[PDB]
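Heads up: the structure comes next, in structure tokens.
Numbers and lists here come from the model and the stated rules, or from a named source; none is laboratory data. Note: ideal-geometry Cβ built from the backbone for every residue, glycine included; neighbour counts use all protein chains shown.
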Amino acid sequence: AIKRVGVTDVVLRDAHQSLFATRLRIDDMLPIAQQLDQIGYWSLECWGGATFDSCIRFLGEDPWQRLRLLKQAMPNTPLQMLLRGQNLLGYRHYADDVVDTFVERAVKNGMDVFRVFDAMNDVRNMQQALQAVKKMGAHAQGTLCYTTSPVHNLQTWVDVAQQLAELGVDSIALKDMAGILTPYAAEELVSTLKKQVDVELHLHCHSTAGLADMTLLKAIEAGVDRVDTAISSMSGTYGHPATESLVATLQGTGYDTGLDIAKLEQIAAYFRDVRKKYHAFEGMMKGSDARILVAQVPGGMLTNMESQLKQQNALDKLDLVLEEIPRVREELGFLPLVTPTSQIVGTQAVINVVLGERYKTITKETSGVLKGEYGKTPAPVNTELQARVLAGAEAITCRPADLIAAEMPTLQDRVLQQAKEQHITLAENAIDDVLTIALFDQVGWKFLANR
Amino acid sequence: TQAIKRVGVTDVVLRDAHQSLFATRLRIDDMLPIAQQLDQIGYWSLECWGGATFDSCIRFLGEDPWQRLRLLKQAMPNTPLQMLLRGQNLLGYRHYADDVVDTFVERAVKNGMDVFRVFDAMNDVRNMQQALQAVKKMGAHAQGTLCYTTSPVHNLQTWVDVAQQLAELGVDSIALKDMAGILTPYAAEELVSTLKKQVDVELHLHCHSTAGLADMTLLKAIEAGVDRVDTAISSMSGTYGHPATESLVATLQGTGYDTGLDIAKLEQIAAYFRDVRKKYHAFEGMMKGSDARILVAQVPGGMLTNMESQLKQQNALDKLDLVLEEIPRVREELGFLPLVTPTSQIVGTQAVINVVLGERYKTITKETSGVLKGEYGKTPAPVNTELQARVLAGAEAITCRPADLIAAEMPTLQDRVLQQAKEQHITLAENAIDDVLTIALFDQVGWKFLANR
Ligand SMILES: [Zn+2]
Ligand SMILES: [Zn+2]
């Protein structure tokens, strides 16, 4: 049943993260904030993802002060973030109290909509954060990270989507970080999900392999409720389809977003000038990258792998590494090649090729996947390698966060003391700084000392 | 609905891609080492000539355009070669005499041209007629062209009419050509549906990515039954150019439209062009993403760029909105001529003048006069009366095909060229008529090149 399609703009988060290393500063945002807020977007994505790490590591911005500045700039349009479930914006699984504290504080500082994902689509890692988002009156969007494999099919996707609907989520996001979701695969998967699961659907696709404009359009024809787009001047390549373009397309159809091309083009003009300033951080790809089309290796993965193959010399072994990825991926139970898992498969595959021996040196990360430390892989991992890193302990088959003790009081302890010992002034809400240290440790301490 | 079948693909990497993306500078020496791989793909055709390449060859690259073609045909024996040809204007600056048109086409074919996408900026079929007819006579493929536009006098029946007019000439296929990137996906669905149902010819789509619509437009056109699309090898695709070849191939793989093209083979060619495109960074434009200004009111990017140059040179630039408000009014008063090169700069320039002077048509340009006089051909709708009558004398407007009034040029050009060539110690080609064509089309620029070849 055809109805108005809702739009979330990613310009203030994933566009810049994807386009120029997450370097967009808050003072480049605020002058165009009132105009963004008057558009009628379903939500504006403007936090989480790599913006926390960028804020504290490169920009000299407090991520929480940024949030409050945006929310004051933009009273009408709900703010969206991307949050990696039990990992939050950090490097490891955290205790439940850390998760709960983070959502509260994010909502207090002005956050509305929460897109909560897990790289393996193990719904258990999403549960606590979704729970707390719902508990904080906020809007919970549970996520499926799209992938392709011998063990992912319509039946598997529907049952994950169902588990999330069962958790009470407010909507479900379908996210294709690599841009590998084809238009006709999108048509089928969305249609199917709209037949089986009683939830609003919201699609996120990258333009990196050139599929994303066609994909969003085929998902809209199959009935997707919402899509993510970027402002025209901040779209394309590594990022996302243009807003105006998909706005123009749906005009005078039943899907008509009702967005104003003229009011949108003004914002695009603003960002065209802003984007020029950041030219030093732009990747080198022009058009789209067909390499990704060949074997579903995401472009960010190929980059990271080639670098490692540079810093060992022997870049001529690239083709062997490429044939190694599928082998290593199967052995680790067909985990999606999605951040930060893709780097685990890539590093290990590079090691398997360089060292001339399959699994001679096994990384801390490959081991942890096998031992169940990240959750349930889509298909059971290889037993011959698992037992070899267990020798002979048991596998973790529970939600890893069941095994980790409460952190917030012991952490709150360390932070207030060290801050005083180091003569560091903490925020008006000290807990926010405690959270920064939880997630980024020394990087967070260096930021707080310099704030 | 049209029957579902394999979509044909034309790759424009050797012509329109780099014309669009780096000032038409791609050299032959960068084309030939990938040529055998391109020929093994199974493209329906490879667009590798015409447009601005002839000019670029002689004006910037020190290449003989005829010789490029021969090298390309040599290197790519199994794939039909394709060119863009502006009807009576050939690749030149004015309407030429029929004997020149006939001579060019015969020479294009004997050098190795197989497919001729023949067009006219106004969609006046009489300007396309001689070239199409000459193409047919040579046993080559004649693709007549509709140049897409949006106007109060343009609609489905009107596009049907033009396509029908071309069908009656016996064209082998009909191209739909969106140079500006303004053809929306659903308008394309509607238009392609109507043409496939009402006119009995193969349809071939060309759309530019400039405004972000082309990927979606090509897909919706395919669903509506279009027979062929133009794409560009991925590393040579996007922004000012065209949808990516591999992206479309992957999208169609295992569907009823399955092109049957090998993605791994295509990617190899793309990895090649990625490096090559690096070398031409100097000539790249500044646009990143899509151009949403095109979407506001259908002003092509090139047209705006050119109007803003004129305004800044004047000055001023703060009269831009007024000039933008002026275009719609001028275009009507000029019979809703498509905003397509070279007719867009006719509208743009006249409009800039009207605003800068402070009086509308205080000054009428040589080109606006020509449009009012019927010297270019028939406008989609009657021009403004009596702006037309202000220009003639008043005489009566020209209502015929312009090439009816031009005297035969080839005998008097062949002699002129041959005598100037010997007196200036300039060695001509094995088939000297090709140089005579080079000079016919480009005058001084041609002479300059022949003198230094
Ligand atoms: Zn993303
Ligand atoms: Zn073109």
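Only one of A:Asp37, A:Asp9, A:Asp27, A:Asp14 is more than 16 Å from ligand 2 (Cβ to nearest atom), touching a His at 6+ places or on another chain (Cβ under 9 Å) and closer than 20 Å to A:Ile231 by Cα. Can you tell me which?
Working: A:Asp37 fails: touching a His at 6+ places or on another chain (Cβ under 9 Å); A:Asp9 fails: touching a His at 6+ places or on another chain (Cβ under 9 Å); A:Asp27 fails: touching a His at 6+ places or on another chain (Cβ under 9 Å).
Checking each option against the conditions leaves just A:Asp14.
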(request) May I ask you to list the residues in region B:276-299 that are facing chain A (nearest Cβ under 7 Å) and free of Cβ contacts under 8 Å to residues at least 40 places away in the same chain? (result) B:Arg293, B:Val296
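For a quick check of your reading: which helices (runs of 4 or more DSSP H) sit entirely within region A:93-196 and have at least 2 residues that are surrounded by fewer than 24 Cβ atoms within 10 Å (Cβ to Cβ) and of a type in the set (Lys, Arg)?
Numbers: elements: A:96-108, A:124-135, A:154-166, A:183-196.
Where helices (runs of 4 or more DSSP H) fall fully within region A:93-196 and carry at least 2 residues being surrounded by fewer than 24 Cβ atoms within 10 Å (Cβ to Cβ) and of a type in the set (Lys, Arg), they are A:96-108, A:124-135, A:183-196.
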(request) For region A:31-76, name all the residues that are touching a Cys at 6+ places or on another chain (Cβ under 9 Å) and acidic (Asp, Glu). (result) A:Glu61, A:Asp62
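How many residues are at the interface with chain B (Cβ under 7 Å from one of its Cβ atoms) and in a helix (DSSP H, G or I) if we restrict to region A:244-255?
Step one: list which residues in region A:244-255 are at the interface with chain B (Cβ under 7 Å from one of its Cβ atoms), which gives A:244-245, A:248-249, A:253.
Then keep just the ones that are in a helix (DSSP H, G or I); that gives A:244-245, A:248-249.
Residues flagged as at the interface with chain B (Cβ under 7 Å from one of its Cβ atoms) and in a helix (DSSP H, G or I) within region A:244-255 amount to 4.
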(message) For the condition of a type in the set (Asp, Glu), away from ligand 1 (no atom under 16 Å from the Cβ) and either touching a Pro at 6+ places or on another chain (Cβ under 6 Å) or within 14 Å of another protein chain (Cβ to nearest Cβ) (or both), what is the one hit in B:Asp258, B:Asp200, B:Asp227, B:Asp172?
(response) B:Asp258
(request) Please give the number of the condition A:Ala401 fails out of (1) surrounded by fewer than 18 Cβ atoms within 10 Å (Cβ to Cβ); (2) over 24 Å from A:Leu315 (Cβ atoms). (result) (1)
(message) Just to verify a result, which residue in region B:207-217, among those that are more than 8 Å from chain A (Cβ to nearest Cβ) and touching a helix residue (DSSP H, G or I) at 6+ places or on another chain (Cβ under 8 Å), is nearest to A:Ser288 (Cα to Cα)?
(response) B:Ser209
(request) Taking B:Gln19 as the residue in question, decide whether it is within 17 Å of B:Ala232 (Cβ to Cβ), out of contact with any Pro (no Cβ under 7 Å at 6 or more places or on another chain), more than 15 Å from ligand 2 (Cβ to nearest atom) and polar (S, T, N, Q). (result) no
(request) Run B:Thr239 past the list (1) of a type outside the set (A, V, I, L, M); (2) touching a residue at least 60 places away in the same chain (Cβ under 8 Å); (3) surrounded by fewer than 24 Cβ atoms within 10 Å (Cβ to Cβ) and report the number of the one that doesn't hold. (result) (3)
(message) List the residue pairs whose Cβ atoms are under 9 Å apart, where the first residue sits in region B:194-205 and is in contact (Cβ under 8 Å) with a residue 40 or more places away in the chain, the second is surrounded by 17 or more Cβ atoms within 10 Å (Cβ to Cβ) and among the aromatic types (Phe, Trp, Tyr), and the two are 6 or more positions apart or on different chains.
(response) B:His204/B:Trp44
(request) Scan (1) within 16 Å of ligand 1 (Cβ to nearest atom); (2) β-branched (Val, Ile, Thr); (3) part of a helix (DSSP H, G or I) for the single condition A:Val7 breaks and write down its number. (result) (3)
(request) Looking for whichever is charged (D, E, K, R), under 24 Å from B:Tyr376 (Cβ atoms) and in the same structural domain as B:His154 (by CATH) here; the options are B:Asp102, B:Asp114. Which one fits? (result) B:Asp102
(request) Select, from A:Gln386, A:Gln418, A:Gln422, A:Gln412, the only residue that is over 26 Å from A:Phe52 (Cβ atoms) and of a type outside the set (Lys, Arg). (result) A:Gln386
(request) Check A:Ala15, A:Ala50, A:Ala21, A:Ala33 and return the single one that is among the aliphatic types (A, V, I, L, M) and closer than 12 Å to A:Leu89 by Cβ. (result) A:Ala50
(request) Could you grab the pairs with beta carbons closer than 7 Å, sequence gap of 6+ or different chains, first residue in region A:263-275 and more than 8 Å from chain B (Cβ to nearest Cβ) and surrounded by fewer than 19 Cβ atoms within 10 Å (Cβ to Cβ), second one hydrophobic (A, V, I, L, M, F, W, C) and assigned to a helix (DSSP H, G or I)? (result) A:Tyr270/A:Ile32
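Quick grid of which residues meet (1) surrounded by fewer than 24 Cβ atoms within 10 Å (Cβ to Cβ); (2) touching a residue at least 40 places away in the same chain (Cβ under 8 Å); (3) among the hydroxyl-bearing types (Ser, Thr, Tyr):
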| position | (1), (2), (3) |
| --- | --- |
| A:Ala1 | yes, yes, no |
| A:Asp9 | no, yes, no |
| A:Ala15 | no, yes, no |
| A:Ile26 | yes, yes, no |
| A:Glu61 | yes, no, no |
| A:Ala73 | yes, yes, no |
| A:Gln80 | no, yes, no |
| A:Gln86 | no, yes, no |
| A:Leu89 | yes, yes, no |
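If you go through region B:231-250 one residue at a time, how many are touching a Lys or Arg at 6+ places or on another chain (Cβ under 9 Å) and not aliphatic (A, V, I, L, M)? Show your work before the answer.
If we filter region B:231-250 for residues that are touching a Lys or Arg at 6+ places or on another chain (Cβ under 9 Å), which is where we start, we get B:234-239.
Add one more test, that the residue is not aliphatic (A, V, I, L, M), and what stays is B:234-235, B:237-239.
Of the residues in that region, 5 qualify.
Got a sec? Which of B:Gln40, B:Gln36 is surrounded by fewer than 24 Cβ atoms within 10 Å (Cβ to Cβ), under 23 Å from B:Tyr280 (Cα atoms) and either more than 16 Å from ligand 1 (Cβ to nearest atom) or more than 19 Å from the chain's Cα centre (by Cα) (or both)? Show your work before the answer.
Details: B:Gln40 fails: under 23 Å from B:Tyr280 (Cα atoms).
Answer to the selection: B:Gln36.
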(request) Considering only region B:205-232, state which residues are part of a loop (DSSP other than H, G, I, E, B), crowded, with 24+ Cβ neighbours inside 10 Å and more than 15 Å from ligand 2 (Cβ to nearest atom). (result) B:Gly212, B:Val226
(request) Please work out which one of (1) within 30 Å of A:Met284 (Cβ to Cβ); (2) surrounded by fewer than 24 Cβ atoms within 10 Å (Cβ to Cβ); (3) touching a helix residue (DSSP H, G or I) at 6+ places or on another chain (Cβ under 8 Å) is the condition A:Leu19 fails and give its number. (result) (2)
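How about region B:230-243: which of its residues are facing another protein chain (nearest Cβ under 7 Å) and either in contact with a helix residue (DSSP H, G or I) (Cβ under 6 Å, 6 or more places away or on another chain) or more than 19 Å from B:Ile182 (Cβ to Cβ) (or both)?
Of region B:230-243, the ones facing another protein chain (nearest Cβ under 7 Å) are B:234-238.
Within region B:230-243, B:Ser234, B:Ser235, B:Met236 qualify.
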